[PDB]
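Undergrad: Need a 3D model of the sequence below.
(chains A and B)
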Amino acid sequence: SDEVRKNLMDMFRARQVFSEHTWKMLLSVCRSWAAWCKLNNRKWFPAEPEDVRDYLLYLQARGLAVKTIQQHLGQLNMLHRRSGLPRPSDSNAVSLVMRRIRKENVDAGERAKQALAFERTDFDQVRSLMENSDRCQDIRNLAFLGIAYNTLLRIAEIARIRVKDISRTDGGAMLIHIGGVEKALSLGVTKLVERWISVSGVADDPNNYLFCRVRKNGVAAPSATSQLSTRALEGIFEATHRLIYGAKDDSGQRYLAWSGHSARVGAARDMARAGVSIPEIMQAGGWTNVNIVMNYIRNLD
DNA sequence: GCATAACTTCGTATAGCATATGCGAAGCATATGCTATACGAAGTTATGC
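TA: Numbers count the residues shown, from 1 in each chain, chains lettered A, B, ... in the order given. And now the structure:
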C-alpha cells in the first residue's frame, strides 16, 4: 500500500480529477500487479512487455472472463500514459496474445449474462400480498418498487430525488423532474407515495430526501443531507424475492434473484409483449441505439 | 449489562456507454476509455429486557 499509494498520489497531484469509481479501480489493479511482481521477482513499476505477456497468461490460466483481462490491460496502459512512458499496448506481442486468448475463450462458449425480469405479474402479486400492510418499513418498500418499475429510472437516479423535486396536481397525476426533463406517474402508485409521505412526515422541508432510514421499532427518521445507500436498495429487491421464494441456490451463480436492472428489463420486455414500436421504447428509455435493447427483447415466452 | 435489527464502508469481479476509427469510399461494424452494478463480508449503534 504505502509505497504504491504514495506513487499513485503523484498521479493524484498530476491528474487530480476522476470519478470515485475510477481511482478506486486503478489502485486495486496495482495491488494485484505488485503482488505477482513480488512472488516472482521483477522490476515493479516500468513494465516489460514479456512480463505483461506472462501476467496475461497467468490470468488466462485462472480462466477469468475476457472482459476482466481487457480491463486489467487497460488500466496498466492508463497508468503508463498518465505517468509519461510508452504504452505497453504498443507491443505487437501483447496484442497478439490478447487476440489469441480472446478467440480461445470465445470459442470456449462463454455468454454474457442477463438479469431476471421483474415482469408486471410479479408486481401485481407482491402488491396483492402487501396491500394490507401497516408496518412502516413494508409501506416504504411497496412505494419504492411502485416507482422504480413504473418510472424506468436507474437505481442511483431514484435514490436522489428530493421532495423539492416532485410536482403534484390535485385529483390527477404526479410529475418528477431530473437533471430539464420531466416524467409522469400512473394514478395507482400516486396513492402509495401519498400514503408514505403522509404517514412518515418527511415533508417538513422539501430539501429532505424522500427515502430515508427506518429503525427497528418502526419510527422513521428525516434527513436533509444523508441519502440511503444503494447497497440497501438492492437489499429491498432481494428481500422481497426471498419472501416470495426460497433462499438462493448454493451454486454461486449470479442473477439468481432480482437486482436493480430487473425493473428496466421487466418494463422493456413487457412493453415488447404489448406490441409497442421499438423506437417508442428507445424514446422512453433515452437509450442510444445499440443492440442491448434487442438483446433485452431477445425472446418473448 | 448484553443481544439483536437494519444499515454503512471495502474489496475483487463484470456490464453499460460514448466515441472513435477503418474499410471504402456510404455507412456502419468492430474497437477503445471511462463509469457503474453485483455480491460477500466486516463493522456501527440504537432499542430492548
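Undergrad: ok, now which ones touch the residue minimising distance to the centre of chain A?
TA: In chain A, the C-alpha closest to the average C-alpha coordinate belongs to residue A:260, at a distance of 6.5 Å (Cα atoms, centre = their mean). Counting by Cβ atoms under 8 Å, 6 or more residues apart in numbering, residue A:260 makes contact with A:154, A:155, A:230, A:233, A:234, A:237. (C-beta placed from N, C-alpha, C; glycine too.)
Undergrad: Give me the buried subset of these.
TA: Neighbour counting by 16 or more other Cβ atoms under 10 Å classes A:155, A:233, A:237 among the contacts of residue A:260 as buried.
Undergrad: so which of the residues you listed are also by DNA strand B?
TA: residue A:155 (Cβ under 7 Å from any atom of the strand).
Undergrad: circling back: any idea how far the residue nearest to the centre of chain A lies from residue A:214?
TA: Applying Cβ to Cβ, to the nearest Å, the value for residue A:260 to residue A:214 is 20 Å.
Undergrad: and what of residue A:125?
TA: 24 Å.
Undergrad: the more surrounded of those two?
TA: Higher neighbour count among residue A:125 and residue A:214: residue A:214, with 17 against 11, using other Cβ atoms under 10 Å.
Undergrad: hang on, that one packs against residue A:222?
TA: No: using Cβ atoms under 8 Å, residue A:214 makes no contact with residue A:222, being 11.1 Å away.
Undergrad: can you point me to the longest helix in chain A?
TA: Looking across chain A with DSSP state H, the single longest helix is helix A:20-39.
Undergrad: Tell me which residues are up against that helix.
TA: A:1, A:4-5, A:8, A:12, A:43-44, A:51, A:55, A:58, A:71-72, A:75-76, A:78-79.
Undergrad: Can you give the distance of that helix from its chain's centre?
TA: Distance of helix A:20-39 from the chain centroid (Cα atoms, centre = their mean, to the nearest Å) equals 22 Å.
Undergrad: Briefly note if that helix comes near DNA strand B.
TA: Yes: using Cβ under 7 Å from any atom of the strand, helix A:20-39 reaches DNA strand B at A:20, A:21, A:22, A:24, A:25, A:28, A:31, A:32.
Undergrad: Name the nearest of the residues you listed relative to residue A:294.
TA: Among the residues of helix A:20-39 next to DNA strand B, residue A:21 lies closest to residue A:294 (Cβ to Cβ), at 27.6 Å.
Undergrad: Please report the distance of the closest one from residue A:27.
TA: 12 Å.
Undergrad: Spell out which residues belonging to the stretch 101-250 of chain A are near DNA strand B, please.
TA: Within the stretch 101-250 of chain A, the positions near DNA strand B by Cβ under 7 Å from any atom of the strand are A:112-115, A:137, A:154-156, A:213-217, A:219, A:226, A:228-232, A:234-235, A:238, A:248.
Undergrad: Okay, and which of those map to helices?
TA: Secondary structure assignment by DSSP H places A:137, A:155, A:156, A:230, A:231, A:232, A:234, A:235, A:238 of those in helices.
Undergrad: Contact partners for the third one?
TA: When the contact criterion is Cβ under 8 Å, 6+ apart, the partners of residue A:156 are residue A:230.
Undergrad: Now rank the residues of helix A:20-39 next to DNA strand B by neighbours and give me the top one.
TA: residue A:25 (16 neighbours).
Undergrad: Perfect, that will be all.
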